[PDB]
Amino acid sequence: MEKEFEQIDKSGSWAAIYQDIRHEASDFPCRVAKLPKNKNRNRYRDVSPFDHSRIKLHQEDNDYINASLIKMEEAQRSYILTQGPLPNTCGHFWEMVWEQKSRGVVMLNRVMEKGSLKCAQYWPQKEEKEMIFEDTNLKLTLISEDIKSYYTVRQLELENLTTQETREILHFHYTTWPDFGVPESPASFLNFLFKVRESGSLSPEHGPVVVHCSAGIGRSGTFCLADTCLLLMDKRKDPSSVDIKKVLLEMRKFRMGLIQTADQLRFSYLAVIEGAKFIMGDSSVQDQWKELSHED
Ligand SMILES: O=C1C[C@@H](c2ccc(C[C@H](NS(=O)(=O)c3cccc(C(F)(F)F)c3)c3nc(-c4ccccc4)c[nH]3)cc2)S(=O)(=O)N1
């Protein structure tokens, strides 16, 4: 993997590889996403879910939400990639989290980046100020949070008002990954990813973990691509079979535009190559990552 990485650098073909990937990416319809009544449910006109993999709300009125089920069959894991909820779709977002039985939500953007709204405040910032979604009859309360230097983990309690039932939702919020950019290093990224893994939110006993940035394809796609590649290196009886570009192309069958820059793909490689050390058996990399991420 680093052999090919190595050879792309000198060749200066990171952009060429990435542009080929764009050209070879699946191109399915998004007829439901482009319906006129669903226009105010899509933050970006050019980022829609394919009709075949979109998530359907269980409400008998409008079942649309800009979100896609990415089902990696060989890796044995599923992810729900969605956009940053909009002021009017926050009820939709939690309805989906509830109906799909998700246990965790991975946020990789910030509500405001470089002076621009990229996502609505869809979770309670203060314990004493819970939120109520009346269109979906749901309640959401912040129970506790763990604030690190570049990311925060929050315990939330979503409650189905109708049935009076509640569930614990773990929110993993990466707060230092810039738009159209990359994490500060593989170390920080991996430390964060394993934090989500160690929590149980990605277990097969739960519904698809929900991942998102602003548009839900760039940072979200980088996160998911790296996680899946490492899942496969650990499965296959040989981590050298894993072709990231082939894996990316497979993921783009479920959602368009996964990985938005040539540099993000190059970070992907860097993340997987580094992550590989842990899969192999190195029982010291994880802690080094944490101590290298300066999470305090
Ligand atoms: O790393 C990232 C990039 C973010 C991202 C990715 C795509 C969009 C869709 C954005 N959609 S719009 O609706 O704001 C937009 C902007 C330009 C053209 C366009 C056509 F539909 F193609 F005409 C739509 C969009 N922005 C551009 C950029 C931005 C800067 C420099 C170059 C290109 C092109 N499309 C928004 C956020 S993410 O949160 O998914 N993670």
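The first residue in the sequence is number 1, and the count goes up from there. First listed ligand is number 1; within each ligand, the first listed atom is number 1.
- Using a 30° and 60° split on the angle between ring planes, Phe5 and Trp14 fall in the tilted class, from 30° to 60°.
- Using a 4.0 Å cut-off between a side-chain N of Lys or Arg and a carboxylate O of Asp or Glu, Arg236 and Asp238 do not qualify as a salt bridge.
- Between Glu295 and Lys148 there is no salt bridge, since none of the side-chain N atoms of the basic residue sits less than 4.0 Å from a carboxylate O of the acidic one.
- In summary, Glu198 and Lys290 do not engage in a salt bridge, as defined by a charged side-chain N under 4.0 Å from a carboxylate O.
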Which donor-acceptor pairs under 3.5 Å do the side chains of residues 26-42 make with protein atoms, sequence neighbours left out?
from  : atom 1 : to    : atom 2 : distance (Å)
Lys34 : NZ     : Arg45 : O      : 3.2
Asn38 : ND2    : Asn62 : OD1    : 3.1
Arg41 : NH1    : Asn62 : OD1    : 3.4
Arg41 : NH1    : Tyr64 : O      : 2.7
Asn42 : OD1    : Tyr64 : OH     : 2.5
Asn42 : OD1    : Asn66 : ND2    : 2.9
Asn42 : ND2    : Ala33 : O      : 3.1
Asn42 : ND2    : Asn38 : O      : 3.0

Identify all pairs of nitrogen or oxygen atoms, one from ligand 1 and one from the protein, separated by less than 3.5 Å, and list them with distances.
from     : atom 1 : to     : atom 2 : distance (Å)
ligand 1 : 1 (O)  : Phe180 : N      : 2.9
ligand 1 : 1 (O)  : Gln264 : NE2    : 2.9
ligand 1 : 11 (N) : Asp46  : OD1    : 2.6
ligand 1 : 11 (N) : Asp46  : OD2    : 3.3
ligand 1 : 13 (O) : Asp46  : OD1    : 3.2
ligand 1 : 35 (N) : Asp46  : OD2    : 3.0
ligand 1 : 39 (O) : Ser214 : N      : 2.7
ligand 1 : 39 (O) : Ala215 : N      : 3.2
ligand 1 : 39 (O) : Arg219 : NH2    : 3.0
ligand 1 : 40 (O) : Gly216 : N      : 3.4
ligand 1 : 40 (O) : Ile217 : N      : 3.3
ligand 1 : 40 (O) : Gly218 : N      : 3.1
ligand 1 : 41 (N) : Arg219 : N      : 3.1
ligand 1 : 41 (N) : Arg219 : NE     : 3.3

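- Partner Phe192 forms a ring pair (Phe, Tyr, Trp, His ring centres under 6.0 Å) with one of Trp289, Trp177, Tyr151 and no other, that one being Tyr151.
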